[PDB]
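Enquirer: For reference, the file my_file.cif (mmCIF, N, CA and C atoms) is included below:
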data_start
#
loop_
_atom_site.group_PDB
_atom_site.id
_atom_site.type_symbol
_atom_site.label_atom_id
_atom_site.label_comp_id
_atom_site.auth_asym_id
_atom_site.auth_seq_id
_atom_site.Cartn_x
_atom_site.Cartn_y
_atom_site.Cartn_z
ATOM 1 N N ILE A 280 27.657 -15.621 -122.763
ATOM 2 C CA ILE A 280 26.850 -16.383 -123.782
ATOM 3 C C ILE A 280 27.705 -17.116 -124.832
ATOM 4 N N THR A 281 28.627 -16.394 -125.472
ATOM 5 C CA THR A 281 29.505 -16.938 -126.538
ATOM 6 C C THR A 281 30.357 -18.161 -126.159
ATOM 7 N N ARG A 282 31.099 -18.084 -125.067
ATOM 8 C CA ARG A 282 31.937 -19.202 -124.637
ATOM 9 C C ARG A 282 31.162 -20.474 -124.275
ATOM 10 N N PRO A 283 30.081 -20.361 -123.462
ATOM 11 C CA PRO A 283 29.241 -21.546 -123.191
ATOM 12 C C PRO A 283 28.645 -22.199 -124.430
ATOM 13 N N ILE A 284 28.273 -21.399 -125.422
ATOM 14 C CA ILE A 284 27.713 -21.958 -126.656
ATOM 15 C C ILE A 284 28.795 -22.738 -127.373
ATOM 16 N N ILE A 285 29.996 -22.148 -127.480
ATOM 17 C CA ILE A 285 31.155 -22.852 -128.066
ATOM 18 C C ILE A 285 31.431 -24.154 -127.314
ATOM 19 N N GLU A 286 31.425 -24.087 -125.989
ATOM 20 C CA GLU A 286 31.637 -25.279 -125.184
ATOM 21 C C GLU A 286 30.625 -26.363 -125.461
ATOM 22 N N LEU A 287 29.326 -26.017 -125.465
ATOM 23 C CA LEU A 287 28.279 -26.997 -125.711
ATOM 24 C C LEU A 287 28.355 -27.518 -127.153
ATOM 25 N N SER A 288 28.750 -26.656 -128.079
ATOM 26 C CA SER A 288 28.981 -27.121 -129.429
ATOM 27 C C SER A 288 30.047 -28.225 -129.383
ATOM 28 N N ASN A 289 31.134 -27.999 -128.614
ATOM 29 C CA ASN A 289 32.190 -29.026 -128.430
ATOM 30 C C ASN A 289 31.640 -30.332 -127.900
ATOM 31 N N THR A 290 30.773 -30.202 -126.895
ATOM 32 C CA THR A 290 30.140 -31.338 -126.260
ATOM 33 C C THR A 290 29.336 -32.149 -127.264
ATOM 34 N N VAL A 291 28.561 -31.466 -128.094
ATOM 35 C CA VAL A 291 27.801 -32.168 -129.121
ATOM 36 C C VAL A 291 28.738 -32.921 -130.084
ATOM 37 N N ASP A 292 29.905 -32.342 -130.387
ATOM 38 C CA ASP A 292 30.869 -33.020 -131.306
ATOM 39 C C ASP A 292 31.405 -34.302 -130.720
ATOM 40 N N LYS A 293 31.656 -34.311 -129.409
ATOM 41 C CA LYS A 293 32.181 -35.508 -128.758
ATOM 42 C C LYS A 293 31.138 -36.617 -128.737
ATOM 43 N N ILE A 294 29.885 -36.239 -128.470
ATOM 44 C CA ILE A 294 28.783 -37.184 -128.499
ATOM 45 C C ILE A 294 28.703 -37.770 -129.907
ATOM 46 N N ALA A 295 28.777 -36.921 -130.932
ATOM 47 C CA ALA A 295 28.720 -37.408 -132.309
ATOM 48 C C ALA A 295 29.830 -38.413 -132.654
ATOM 49 N N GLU A 296 30.995 -38.258 -132.037
ATOM 50 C CA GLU A 296 32.114 -39.167 -132.295
ATOM 51 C C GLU A 296 32.002 -40.447 -131.453
ATOM 52 N N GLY A 297 30.892 -40.603 -130.727
ATOM 53 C CA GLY A 297 30.658 -41.809 -129.913
ATOM 54 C C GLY A 297 31.074 -41.747 -128.448
ATOM 55 N N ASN A 298 31.602 -40.607 -128.015
ATOM 56 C CA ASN A 298 32.003 -40.432 -126.631
ATOM 57 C C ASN A 298 30.790 -40.048 -125.792
ATOM 58 N N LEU A 299 30.111 -41.048 -125.234
ATOM 59 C CA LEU A 299 28.879 -40.812 -124.482
ATOM 60 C C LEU A 299 29.128 -40.610 -122.992
ATOM 61 N N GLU A 300 30.396 -40.452 -122.628
ATOM 62 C CA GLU A 300 30.788 -40.399 -121.224
ATOM 63 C C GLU A 300 31.171 -38.994 -120.778
ATOM 64 N N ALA A 301 31.509 -38.143 -121.746
ATOM 65 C CA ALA A 301 31.948 -36.781 -121.452
ATOM 66 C C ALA A 301 30.827 -36.010 -120.779
ATOM 67 N N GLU A 302 31.176 -35.275 -119.729
ATOM 68 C CA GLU A 302 30.214 -34.504 -118.954
ATOM 69 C C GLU A 302 29.707 -33.301 -119.749
ATOM 70 N N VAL A 303 28.405 -33.036 -119.613
ATOM 71 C CA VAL A 303 27.772 -31.886 -120.234
ATOM 72 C C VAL A 303 27.819 -30.686 -119.283
ATOM 73 N N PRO A 304 28.581 -29.640 -119.647
ATOM 74 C CA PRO A 304 28.673 -28.438 -118.833
ATOM 75 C C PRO A 304 27.388 -27.607 -118.836
ATOM 76 N N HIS A 305 27.260 -26.768 -117.821
ATOM 77 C CA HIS A 305 26.234 -25.735 -117.724
ATOM 78 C C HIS A 305 24.807 -26.209 -117.485
ATOM 79 N N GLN A 306 24.634 -27.444 -117.035
ATOM 80 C CA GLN A 306 23.306 -27.961 -116.748
ATOM 81 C C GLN A 306 22.526 -27.214 -115.663
ATOM 82 N N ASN A 307 23.192 -26.346 -114.915
ATOM 83 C CA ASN A 307 22.567 -25.678 -113.777
ATOM 84 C C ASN A 307 22.312 -24.180 -113.986
ATOM 85 N N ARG A 308 22.607 -23.660 -115.180
ATOM 86 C CA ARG A 308 22.246 -22.267 -115.474
ATOM 87 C C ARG A 308 20.724 -22.102 -115.492
ATOM 88 N N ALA A 309 20.268 -20.943 -115.028
ATOM 89 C CA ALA A 309 18.840 -20.674 -114.925
ATOM 90 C C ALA A 309 18.249 -20.079 -116.219
ATOM 91 N N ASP A 310 19.051 -19.991 -117.271
ATOM 92 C CA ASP A 310 18.596 -19.339 -118.511
ATOM 93 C C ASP A 310 18.472 -20.304 -119.710
ATOM 94 N N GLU A 311 18.512 -19.763 -120.924
ATOM 95 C CA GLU A 311 18.367 -20.612 -122.125
ATOM 96 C C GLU A 311 19.596 -21.504 -122.392
ATOM 97 N N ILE A 312 20.783 -21.072 -121.952
ATOM 98 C CA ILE A 312 21.954 -21.943 -122.080
ATOM 99 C C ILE A 312 21.702 -23.188 -121.219
ATOM 100 N N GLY A 313 21.115 -22.964 -120.026
ATOM 101 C CA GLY A 313 20.771 -24.039 -119.107
ATOM 102 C C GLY A 313 19.860 -25.023 -119.779
ATOM 103 N N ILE A 314 18.777 -24.517 -120.352
ATOM 104 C CA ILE A 314 17.851 -25.368 -121.089
ATOM 105 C C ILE A 314 18.525 -26.166 -122.208
ATOM 106 N N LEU A 315 19.366 -25.514 -123.011
ATOM 107 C CA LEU A 315 20.108 -26.253 -124.062
ATOM 108 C C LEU A 315 20.986 -27.371 -123.459
ATOM 109 N N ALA A 316 21.689 -27.038 -122.371
ATOM 110 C CA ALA A 316 22.526 -28.017 -121.684
ATOM 111 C C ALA A 316 21.744 -29.219 -121.167
ATOM 112 N N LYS A 317 20.583 -28.973 -120.552
ATOM 113 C CA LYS A 317 19.722 -30.081 -120.093
ATOM 114 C C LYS A 317 19.225 -30.966 -121.237
ATOM 115 N N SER A 318 19.017 -30.341 -122.394
ATOM 116 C CA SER A 318 18.635 -31.045 -123.600
ATOM 117 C C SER A 318 19.747 -31.988 -124.019
ATOM 118 N N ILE A 319 20.964 -31.455 -124.052
ATOM 119 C CA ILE A 319 22.065 -32.250 -124.564
ATOM 120 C C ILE A 319 22.341 -33.398 -123.596
ATOM 121 N N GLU A 320 22.164 -33.148 -122.297
ATOM 122 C CA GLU A 320 22.322 -34.208 -121.309
ATOM 123 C C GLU A 320 21.305 -35.298 -121.513
ATOM 124 N N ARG A 321 20.039 -34.935 -121.718
ATOM 125 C CA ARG A 321 19.001 -35.909 -121.991
ATOM 126 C C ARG A 321 19.325 -36.712 -123.261
ATOM 127 N N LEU A 322 19.825 -36.045 -124.299
ATOM 128 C CA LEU A 322 20.240 -36.746 -125.530
ATOM 129 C C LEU A 322 21.345 -37.766 -125.238
ATOM 130 N N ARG A 323 22.355 -37.311 -124.501
ATOM 131 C CA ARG A 323 23.466 -38.168 -124.122
ATOM 132 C C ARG A 323 22.957 -39.435 -123.446
ATOM 133 N N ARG A 324 22.059 -39.277 -122.467
ATOM 134 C CA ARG A 324 21.534 -40.420 -121.687
ATOM 135 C C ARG A 324 20.696 -41.362 -122.541
ATOM 136 N N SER A 325 19.910 -40.776 -123.438
ATOM 137 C CA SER A 325 19.080 -41.535 -124.368
ATOM 138 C C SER A 325 19.902 -42.447 -125.284
ATOM 139 N N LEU A 326 21.085 -41.975 -125.698
ATOM 140 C CA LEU A 326 22.004 -42.751 -126.545
ATOM 141 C C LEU A 326 22.733 -43.881 -125.800
ATOM 142 N N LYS A 327 23.068 -43.664 -124.523
ATOM 143 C CA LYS A 327 23.603 -44.738 -123.665
ATOM 144 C C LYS A 327 22.611 -45.899 -123.516
ATOM 145 N N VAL A 328 21.376 -45.577 -123.128
ATOM 146 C CA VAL A 328 20.296 -46.549 -123.013
ATOM 147 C C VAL A 328 20.065 -47.300 -124.317
ATOM 148 N N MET B 277 17.928 -11.182 -127.771
ATOM 149 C CA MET B 277 16.553 -11.707 -127.491
ATOM 150 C C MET B 277 16.009 -12.543 -128.659
ATOM 151 N N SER B 278 16.059 -11.971 -129.865
ATOM 152 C CA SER B 278 15.595 -12.612 -131.115
ATOM 153 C C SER B 278 16.802 -13.106 -131.922
ATOM 154 N N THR B 279 17.939 -12.513 -131.601
ATOM 155 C CA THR B 279 19.179 -12.822 -132.257
ATOM 156 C C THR B 279 19.892 -13.973 -131.539
ATOM 157 N N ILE B 280 19.623 -14.149 -130.242
ATOM 158 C CA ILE B 280 20.304 -15.196 -129.462
ATOM 159 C C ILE B 280 19.349 -16.168 -128.741
ATOM 160 N N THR B 281 18.437 -15.643 -127.926
ATOM 161 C CA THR B 281 17.572 -16.469 -127.067
ATOM 162 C C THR B 281 16.658 -17.451 -127.820
ATOM 163 N N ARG B 282 15.893 -16.938 -128.777
ATOM 164 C CA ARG B 282 14.999 -17.759 -129.577
ATOM 165 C C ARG B 282 15.696 -18.911 -130.327
ATOM 166 N N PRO B 283 16.797 -18.623 -131.078
ATOM 167 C CA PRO B 283 17.540 -19.708 -131.739
ATOM 168 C C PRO B 283 18.003 -20.785 -130.772
ATOM 169 N N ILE B 284 18.483 -20.381 -129.604
ATOM 170 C CA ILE B 284 18.927 -21.341 -128.608
ATOM 171 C C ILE B 284 17.781 -22.248 -128.162
ATOM 172 N N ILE B 285 16.620 -21.667 -127.876
ATOM 173 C CA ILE B 285 15.424 -22.440 -127.590
ATOM 174 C C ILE B 285 15.085 -23.401 -128.732
ATOM 175 N N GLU B 286 15.080 -22.890 -129.950
ATOM 176 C CA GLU B 286 14.800 -23.700 -131.113
ATOM 177 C C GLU B 286 15.753 -24.872 -131.230
ATOM 178 N N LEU B 287 17.072 -24.635 -131.154
ATOM 179 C CA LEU B 287 18.034 -25.725 -131.238
ATOM 180 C C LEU B 287 17.885 -26.690 -130.065
ATOM 181 N N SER B 288 17.489 -26.156 -128.925
ATOM 182 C CA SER B 288 17.213 -26.996 -127.796
ATOM 183 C C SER B 288 16.068 -27.955 -128.114
ATOM 184 N N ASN B 289 14.985 -27.441 -128.715
ATOM 185 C CA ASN B 289 13.890 -28.309 -129.174
ATOM 186 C C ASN B 289 14.363 -29.323 -130.264
ATOM 187 N N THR B 290 15.237 -28.891 -131.166
ATOM 188 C CA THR B 290 15.828 -29.806 -132.163
ATOM 189 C C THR B 290 16.578 -30.982 -131.504
ATOM 190 N N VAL B 291 17.395 -30.697 -130.485
ATOM 191 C CA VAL B 291 18.081 -31.766 -129.777
ATOM 192 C C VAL B 291 17.069 -32.734 -129.123
ATOM 193 N N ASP B 292 15.970 -32.212 -128.566
ATOM 194 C CA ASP B 292 14.926 -33.080 -127.968
ATOM 195 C C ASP B 292 14.318 -34.033 -128.977
ATOM 196 N N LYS B 293 14.166 -33.578 -130.226
ATOM 197 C CA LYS B 293 13.497 -34.398 -131.236
ATOM 198 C C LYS B 293 14.424 -35.514 -131.680
ATOM 199 N N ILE B 294 15.707 -35.176 -131.827
ATOM 200 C CA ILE B 294 16.738 -36.182 -132.064
ATOM 201 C C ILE B 294 16.766 -37.234 -130.918
ATOM 202 N N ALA B 295 16.682 -36.781 -129.670
ATOM 203 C CA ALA B 295 16.687 -37.691 -128.535
ATOM 204 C C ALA B 295 15.519 -38.655 -128.545
ATOM 205 N N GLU B 296 14.379 -38.221 -129.080
ATOM 206 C CA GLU B 296 13.194 -39.068 -129.142
ATOM 207 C C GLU B 296 13.230 -40.022 -130.348
ATOM 208 N N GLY B 297 14.314 -39.977 -131.128
ATOM 209 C CA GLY B 297 14.492 -40.872 -132.278
ATOM 210 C C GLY B 297 14.086 -40.304 -133.628
ATOM 211 N N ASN B 298 13.612 -39.054 -133.644
ATOM 212 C CA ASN B 298 13.284 -38.356 -134.889
ATOM 213 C C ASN B 298 14.554 -37.788 -135.557
ATOM 214 N N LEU B 299 15.161 -38.581 -136.434
ATOM 215 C CA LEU B 299 16.406 -38.199 -137.065
ATOM 216 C C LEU B 299 16.167 -37.527 -138.411
ATOM 217 N N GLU B 300 14.916 -37.189 -138.694
ATOM 218 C CA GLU B 300 14.561 -36.614 -139.983
ATOM 219 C C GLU B 300 14.294 -35.115 -139.910
ATOM 220 N N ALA B 301 13.956 -34.615 -138.724
ATOM 221 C CA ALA B 301 13.657 -33.194 -138.553
ATOM 222 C C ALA B 301 14.857 -32.328 -138.937
ATOM 223 N N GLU B 302 14.590 -31.248 -139.655
ATOM 224 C CA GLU B 302 15.637 -30.355 -140.122
ATOM 225 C C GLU B 302 16.230 -29.557 -138.943
ATOM 226 N N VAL B 303 17.549 -29.352 -138.995
ATOM 227 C CA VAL B 303 18.246 -28.512 -138.049
ATOM 228 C C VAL B 303 18.277 -27.072 -138.539
ATOM 229 N N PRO B 304 17.613 -26.152 -137.824
ATOM 230 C CA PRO B 304 17.638 -24.741 -138.202
ATOM 231 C C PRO B 304 18.990 -24.078 -137.945
ATOM 232 N N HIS B 305 19.208 -22.947 -138.610
ATOM 233 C CA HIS B 305 20.295 -22.021 -138.333
ATOM 234 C C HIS B 305 21.676 -22.527 -138.719
ATOM 235 N N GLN B 306 21.731 -23.513 -139.595
ATOM 236 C CA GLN B 306 23.029 -23.996 -140.085
ATOM 237 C C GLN B 306 23.883 -22.973 -140.812
ATOM 238 N N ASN B 307 23.278 -21.876 -141.276
ATOM 239 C CA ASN B 307 24.001 -20.884 -142.107
ATOM 240 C C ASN B 307 24.385 -19.584 -141.408
ATOM 241 N N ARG B 308 24.159 -19.495 -140.096
ATOM 242 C CA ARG B 308 24.573 -18.307 -139.337
ATOM 243 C C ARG B 308 26.092 -18.226 -139.329
ATOM 244 N N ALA B 309 26.615 -17.011 -139.366
ATOM 245 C CA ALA B 309 28.047 -16.843 -139.387
ATOM 246 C C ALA B 309 28.649 -16.733 -137.990
ATOM 247 N N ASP B 310 27.862 -16.997 -136.954
ATOM 248 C CA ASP B 310 28.334 -16.828 -135.581
ATOM 249 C C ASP B 310 28.338 -18.145 -134.790
ATOM 250 N N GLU B 311 28.371 -18.060 -133.459
ATOM 251 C CA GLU B 311 28.438 -19.252 -132.608
ATOM 252 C C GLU B 311 27.163 -20.122 -132.652
ATOM 253 N N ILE B 312 26.003 -19.504 -132.868
ATOM 254 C CA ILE B 312 24.757 -20.257 -133.044
ATOM 255 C C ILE B 312 24.912 -21.170 -134.270
ATOM 256 N N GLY B 313 25.557 -20.642 -135.308
ATOM 257 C CA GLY B 313 25.810 -21.368 -136.519
ATOM 258 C C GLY B 313 26.717 -22.550 -136.263
ATOM 259 N N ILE B 314 27.779 -22.320 -135.502
ATOM 260 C CA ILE B 314 28.682 -23.391 -135.132
ATOM 261 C C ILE B 314 27.958 -24.496 -134.381
ATOM 262 N N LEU B 315 27.116 -24.126 -133.405
ATOM 263 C CA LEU B 315 26.299 -25.082 -132.669
ATOM 264 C C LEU B 315 25.371 -25.825 -133.593
ATOM 265 N N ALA B 316 24.603 -25.100 -134.389
ATOM 266 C CA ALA B 316 23.726 -25.742 -135.377
ATOM 267 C C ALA B 316 24.449 -26.754 -136.278
ATOM 268 N N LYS B 317 25.657 -26.424 -136.753
ATOM 269 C CA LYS B 317 26.384 -27.362 -137.626
ATOM 270 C C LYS B 317 26.738 -28.613 -136.866
ATOM 271 N N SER B 318 27.038 -28.435 -135.592
ATOM 272 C CA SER B 318 27.385 -29.539 -134.714
ATOM 273 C C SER B 318 26.226 -30.487 -134.561
ATOM 274 N N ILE B 319 25.037 -29.928 -134.357
ATOM 275 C CA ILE B 319 23.857 -30.746 -134.193
ATOM 276 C C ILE B 319 23.506 -31.473 -135.514
ATOM 277 N N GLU B 320 23.660 -30.796 -136.642
ATOM 278 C CA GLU B 320 23.461 -31.456 -137.914
ATOM 279 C C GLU B 320 24.441 -32.617 -138.143
ATOM 280 N N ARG B 321 25.711 -32.440 -137.770
ATOM 281 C CA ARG B 321 26.691 -33.525 -137.823
ATOM 282 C C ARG B 321 26.309 -34.682 -136.913
ATOM 283 N N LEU B 322 25.830 -34.370 -135.711
ATOM 284 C CA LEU B 322 25.323 -35.402 -134.800
ATOM 285 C C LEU B 322 24.137 -36.166 -135.412
ATOM 286 N N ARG B 323 23.177 -35.420 -135.952
ATOM 287 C CA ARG B 323 22.021 -36.030 -136.595
ATOM 288 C C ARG B 323 22.432 -37.026 -137.689
ATOM 289 N N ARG B 324 23.339 -36.603 -138.576
ATOM 290 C CA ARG B 324 23.802 -37.445 -139.677
ATOM 291 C C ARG B 324 24.546 -38.676 -139.176
ATOM 292 N N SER B 325 25.367 -38.497 -138.147
ATOM 293 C CA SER B 325 26.098 -39.601 -137.525
ATOM 294 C C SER B 325 25.170 -40.691 -136.975
ATOM 295 N N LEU B 326 24.021 -40.277 -136.451
ATOM 296 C CA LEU B 326 23.046 -41.221 -135.894
ATOM 297 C C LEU B 326 22.213 -41.972 -136.935
ATOM 298 N N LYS B 327 21.963 -41.342 -138.080
ATOM 299 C CA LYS B 327 21.363 -42.036 -139.235
ATOM 300 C C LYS B 327 22.274 -43.145 -139.772
ATOM 301 N N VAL B 328 23.539 -42.806 -140.015
ATOM 302 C CA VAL B 328 24.540 -43.760 -140.477
ATOM 303 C C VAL B 328 24.638 -44.997 -139.567
ATOM 304 N N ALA B 329 24.495 -44.823 -138.251
ATOM 305 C CA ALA B 329 24.565 -45.963 -137.312
ATOM 306 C C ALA B 329 23.972 -47.274 -137.865
#
Output the file's structure in the form of structure tokens.
Expert:
Amino acid sequence: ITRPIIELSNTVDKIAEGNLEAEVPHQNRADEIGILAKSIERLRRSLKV
Amino acid sequence: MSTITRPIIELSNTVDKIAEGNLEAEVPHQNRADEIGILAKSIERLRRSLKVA
């Protein structure tokens, strides 16, 4: 749980700095980390568009 | 369960609202001393960055 959350926190920081190309990890987990990851991916795509 | 799962769901819903263009909704859990807190601060920084745009 701890490491993936740190990782996704990192991912959100890169998106904030304008890097809309960095891959979002953990999109395929079957739990709540998975759901958070799918959210961040959708956010990433929404900002590209 | 209440210490980890629920906050993650909540922040997940917060990211969805930002994605829909709602840059005014408050980001919960900014004051936790753990990794949820770190994530929450990240999302708040993202939110502010998108307003400035």
Enquirer: In Å, with one decimal, what is the gap from atom C of residue 290 of chain A to atom N of residue 325 of chain A?
Expert: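 Computing the Euclidean distance for atom C of residue 290 of chain A and atom N of residue 325 of chain A yields 13.3 Å.
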Enquirer: How would you write, as a list in words, the residues chosen by the PyMOL selection byres (((chain A and resi 288 and name CA) around 8) and name CA) on this structure?
Expert: residues 284, 285, 286, 287, 289, 290, 291 and 292 of chain A; 314, 315, 318 and 319 of chain B
Enquirer: What lies within 12 Å of residue 281 of chain B using only C-alpha atoms, ignoring chain neighbours under 6 positions off, as a list in words?
Expert: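 In the requested format, the answer is residues 280, 281, 284, 310, 311, 312, 313, 314 and 315 of chain A; 287, 288 and 312 of chain B.
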Enquirer: Evaluate the PyMOL selection byres ((chain B and name CA) within 9 of (chain A and name CA)) here and jot the selected residues down as a compact mmCIF listing (two decimals) with N, CA and C atoms, keeping the file's coordinate frame.
Expert:
# COMPACT_ATOMS: atom_id res chain seq x y z
N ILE B 280 19.62 -14.15 -130.24
CA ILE B 280 20.30 -15.20 -129.46
C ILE B 280 19.35 -16.17 -128.74
N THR B 281 18.44 -15.64 -127.93
CA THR B 281 17.57 -16.47 -127.07
C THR B 281 16.66 -17.45 -127.82
N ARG B 282 15.89 -16.94 -128.78
CA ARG B 282 15.00 -17.76 -129.58
C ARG B 282 15.70 -18.91 -130.33
N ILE B 284 18.48 -20.38 -129.60
CA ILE B 284 18.93 -21.34 -128.61
C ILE B 284 17.78 -22.25 -128.16
N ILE B 285 16.62 -21.67 -127.88
CA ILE B 285 15.42 -22.44 -127.59
C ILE B 285 15.08 -23.40 -128.73
N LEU B 287 17.07 -24.64 -131.15
CA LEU B 287 18.03 -25.72 -131.24
C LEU B 287 17.89 -26.69 -130.06
N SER B 288 17.49 -26.16 -128.93
CA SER B 288 17.21 -27.00 -127.80
C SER B 288 16.07 -27.96 -128.11
N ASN B 289 14.98 -27.44 -128.72
CA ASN B 289 13.89 -28.31 -129.17
C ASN B 289 14.36 -29.32 -130.26
N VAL B 291 17.40 -30.70 -130.49
CA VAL B 291 18.08 -31.77 -129.78
C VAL B 291 17.07 -32.73 -129.12
N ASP B 292 15.97 -32.21 -128.57
CA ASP B 292 14.93 -33.08 -127.97
C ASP B 292 14.32 -34.03 -128.98
N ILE B 294 15.71 -35.18 -131.83
CA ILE B 294 16.74 -36.18 -132.06
C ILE B 294 16.77 -37.23 -130.92
N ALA B 295 16.68 -36.78 -129.67
CA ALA B 295 16.69 -37.69 -128.54
C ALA B 295 15.52 -38.66 -128.54
N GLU B 296 14.38 -38.22 -129.08
CA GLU B 296 13.19 -39.07 -129.14
C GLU B 296 13.23 -40.02 -130.35
N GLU B 311 28.37 -18.06 -133.46
CA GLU B 311 28.44 -19.25 -132.61
C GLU B 311 27.16 -20.12 -132.65
N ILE B 312 26.00 -19.50 -132.87
CA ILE B 312 24.76 -20.26 -133.04
C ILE B 312 24.91 -21.17 -134.27
N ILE B 314 27.78 -22.32 -135.50
CA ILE B 314 28.68 -23.39 -135.13
C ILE B 314 27.96 -24.50 -134.38
N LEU B 315 27.12 -24.13 -133.40
CA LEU B 315 26.30 -25.08 -132.67
C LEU B 315 25.37 -25.82 -133.59
N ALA B 316 24.60 -25.10 -134.39
CA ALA B 316 23.73 -25.74 -135.38
C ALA B 316 24.45 -26.75 -136.28
N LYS B 317 25.66 -26.42 -136.75
CA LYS B 317 26.38 -27.36 -137.63
C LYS B 317 26.74 -28.61 -136.87
N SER B 318 27.04 -28.44 -135.59
CA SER B 318 27.38 -29.54 -134.71
C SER B 318 26.23 -30.49 -134.56
N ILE B 319 25.04 -29.93 -134.36
CA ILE B 319 23.86 -30.75 -134.19
C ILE B 319 23.51 -31.47 -135.51
N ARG B 321 25.71 -32.44 -137.77
CA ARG B 321 26.69 -33.52 -137.82
C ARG B 321 26.31 -34.68 -136.91
N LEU B 322 25.83 -34.37 -135.71
CA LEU B 322 25.32 -35.40 -134.80
C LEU B 322 24.14 -36.17 -135.41
N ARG B 323 23.18 -35.42 -135.95
CA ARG B 323 22.02 -36.03 -136.60
C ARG B 323 22.43 -37.03 -137.69
N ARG B 324 23.34 -36.60 -138.58
CA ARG B 324 23.80 -37.44 -139.68
C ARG B 324 24.55 -38.68 -139.18
N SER B 325 25.37 -38.50 -138.15
CA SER B 325 26.10 -39.60 -137.52
C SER B 325 25.17 -40.69 -136.98
N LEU B 326 24.02 -40.28 -136.45
CA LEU B 326 23.05 -41.22 -135.89
C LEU B 326 22.21 -41.97 -136.94
Enquirer: If you run DSSP on the backbone, which residues of segment 279-323 of chain B are helix (DSSP H, G or I), as a list in words?
Expert: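 Secondary structure check on segment 279-323 of chain B, helix (DSSP H, G or I): residues 281, 282, 283, 284, 285, 286, 287, 288, 289, 290, 291, 292, 293, 294, 295, 311, 312, 313, 314, 315, 316, 317, 318, 319, 320, 321, 322 and 323 of chain B.
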Enquirer: Have a look at atom CA of residue 298 of chain A and atom N of residue 329 of chain B and let me know their distance in Å, one decimal.
Expert: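 Between atom CA of residue 298 of chain A and atom N of residue 329 of chain B the gap is 14.5 Å.
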Enquirer: What is the distance between atom CA of residue 302 of chain B and atom CA of residue 328 of chain A, in Å to one decimal?
Expert: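 Between atom CA of residue 302 of chain B and atom CA of residue 328 of chain A the gap works out to 24.0 Å.
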Enquirer: Run through the PyMOL selection byres ((chain B and resi 304) around 7) on the given coordinates and return the selected residues as a PyMOL selection string.
Expert: chain B and resi 286-287+290+301-303+305-307+316
Enquirer: Taking all listed atoms of segment 284-288 of chain B, build the axis-aligned box, pad each of the six sides by 4 Å, then write its centre and edge lengths in Å to one decimal as AutoDock Vina command-line options.
Expert:
--center_x 16.9 --center_y -24.2 --center_z -129.4 --size_x 12.1 --size_y 15.6 --size_z 11.6
